[PDB]
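First comes one chain, alone, set out as structure tokens in the form deposited without the partner chain.
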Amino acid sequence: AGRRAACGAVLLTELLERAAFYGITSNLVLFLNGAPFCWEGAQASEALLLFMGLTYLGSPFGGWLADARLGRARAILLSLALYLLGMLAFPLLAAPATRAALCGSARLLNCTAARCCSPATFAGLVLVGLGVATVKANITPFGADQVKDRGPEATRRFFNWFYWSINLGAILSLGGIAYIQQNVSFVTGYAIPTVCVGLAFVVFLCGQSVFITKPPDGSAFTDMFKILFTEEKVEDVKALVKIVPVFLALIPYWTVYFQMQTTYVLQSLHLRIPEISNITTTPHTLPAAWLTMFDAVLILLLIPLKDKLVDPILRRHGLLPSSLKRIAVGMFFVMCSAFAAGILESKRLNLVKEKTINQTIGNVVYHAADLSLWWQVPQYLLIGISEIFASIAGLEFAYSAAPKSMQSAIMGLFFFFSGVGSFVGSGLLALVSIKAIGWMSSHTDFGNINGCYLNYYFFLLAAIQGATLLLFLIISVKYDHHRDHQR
């Protein structure tokens, strides 16, 4: 040990960052749909679709900024400061005492009939998204740099708890903050995430006295020659183009991953959900985000075992040494989880034909089937097993494959390509929704899937996952053969 404080200061900062991030996306659409905004509903989702995507587009630029100009520590501080400044807009816009400061005059009782005061909301969203795009891309390698000088095993062990803290913050936000947002006034529900950002900034500032940092280079990106004699830059360029095909092959995996996250909650909305006494009954309601945190909960239990049992056993028998094989195992478990979800949806669609039951979640009535929500546990357990394999291995591969001088940008680029997979999936959902294909044709999310063929969509996702698993296996073998032997 000895560097436990430097790891703790990064883990707590990441946890608070994740709590703040899920404090916004969980109920951004519902907050924009009501009281002083009253957007019709189509642009309320557009704001979220722009924020998620500004989170990805600005990640390589933040990585380049923290490698050429800033030292990846001052860059994290600057990103958290802009991130903190953009948080205050939501609590200031939810409180009537300060609403008139950012907006001219809006005191509508309820939505009566362009979009009121947009510039403040869009500025806050832009700053928050650019802060998130930089914080992830820089803190993911920065945290691993503390235990970097102990071999890849220490880095993998650190990334295990890094993802564990990411998921614990997500649960603390989706369960606690989102419940306060939905029932208690929006003011507290948007003041808590701002407090979390402030605490994360304070923790990073306090802990940067034990952090092991590195100075910016500033002459590593200007030497990206593509006209072909300098040395020590060639193998930095060669190792950068060598990993581009690996990142590209991960795009279908990201597509399937994000589409499953999108559709699993929608399917869970149409299952029988038990009511927790006087927590979801009159006059409160069950927050929708509570159905989103099913992946994370199983992760809080899987990662410890995976760090105490699975990893030691695999290392003892020399099984799965490289991260690219762990990614393939995660992709296979993703395919299994998609097939299980399709099997469950096939049974669920045959039950909404006899009888349905109305249930209220987000003050929206859903015609669920007489099938317990806990029948969806097997697919969530499979996807959690996949994420503790694929998600952690992808981060550690993006860490260990990047050049030393070009380290945050490559990790940023990784987070960019994930975003590329997020929007390709949304295009896939709009491709099966055309009149030619009846799959998922009942409008947007949080609607009604009793007339949708979600099981066929799940089977298609599983088939795509299998094909991209084979392609990724081929590319990972062609990468490992060159890396281990030729390099």
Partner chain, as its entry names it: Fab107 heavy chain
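Rigid core: the largest C-alpha set superposing within 1.5 Å between the two forms. Only residues modelled in both forms are compared. Numbering follows the first chain given and starts at 1.
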query	finding
Residue 456: gap in at least one third of other compared structures	no
Residue gap status of residue 69, at least a third of other entries	no
Continuity check for residue 113 and residue 114, given as deposited residues lacking coordinates between them	4 to 9
Deposited residues lacking coordinates between residue 228 and residue 229 (none, 1 to 3, 4 to 9, 10 or more)	10 or more
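The same protein also exists as the form deposited with the partner chain bound; that form is not shown, yet it is the one meant from here on.
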| item | value |
| --- | --- |
| One residue of 223, 236, 217, 370 in contact with the partner chain, assessed in the entry with it bound (non-hydrogen atom, 4.5 angstroms) | 370 |
| Candidate from 98, 262, 356, 118 lying within 4.5 Å of the partner chain in the entry with it bound - any heavy atom | 356 |
| Contact segment among 60 to 68, 443 to 451, 425 to 433, 42 to 50, judged by heavy atoms lying within 4.5 Å of the partner chain in the entry with it bound | 443 to 451 |
| In the entry with it bound, residue 365 touching the partner chain (heavy atom, 4.5 Å) | yes |
| Heavy atom of residue 74 within 4.5 Å of the partner chain in the entry with it bound | no |
| Interface membership of residue 272, the partner chain in the entry with it bound, 4.5 Å heavy atom rule | yes |
| Residue 246 within 4.5 Å of the partner chain in the entry with it bound, heavy atoms | no |
| Rigid-core-referenced C-alpha movement of 2 Å or more between this form and the one not shown, selected from 446, 456, 61, 423 | 446 |
| In the entry with it bound, shift in Cα separation for residue 445 relative to residue 182, 3 Å or more | farther |
| Residue pair residue 444, residue 125 - Cα distance in the entry with it bound, closer or farther (3 Å or more) | farther |
| Core-superposed comparison between this form and the one not shown, runs of at least 3 residues with CA shifts of 2 Å or more | 225 to 227, 229 to 231, 442 to 447 |
